[PDB]
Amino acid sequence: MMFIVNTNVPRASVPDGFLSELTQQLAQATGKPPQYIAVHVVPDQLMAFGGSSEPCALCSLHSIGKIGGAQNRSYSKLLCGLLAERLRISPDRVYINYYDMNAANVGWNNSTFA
């Protein structure tokens, strides 16, 4: 599983420990063991949301399964909550794209997961 956050919040506002927090909370919310979980945060980006350059984030969560209607609602509350508390980004200036990956289309260590 992979979680990516792109944000115009400066690097200095990302707390020490944020990646660890994300890895642990995602493991807890999805049930995936943390060992299979990757996390990627990209600060200081040039972006706009609704024409405004106030703090925002564009994110993506890729997973083989564990994606659907109810789950994604629950992840969006979790992740917007984390972005608001830790990076001070308003939840209405966050988008998160969810991707249910086919195991045949995910490579890892010289093979795929199919």
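The first residue of the shown sequence is 1; numbering continues from there.
Look at the mean CA B-factor for 53-61 and for 67-75 in the entry; the higher one is 67-75.
For the pair 5-13 and 93-101, the mean Cα B-factor is higher in 5-13.
Of the candidates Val42, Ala84, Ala48, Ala27, the deposited coordinates give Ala27 the top C-alpha B factor.
For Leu22, the recorded CA B-factor ranks within the middle third of the chain. Only modelled residues enter the ranking.
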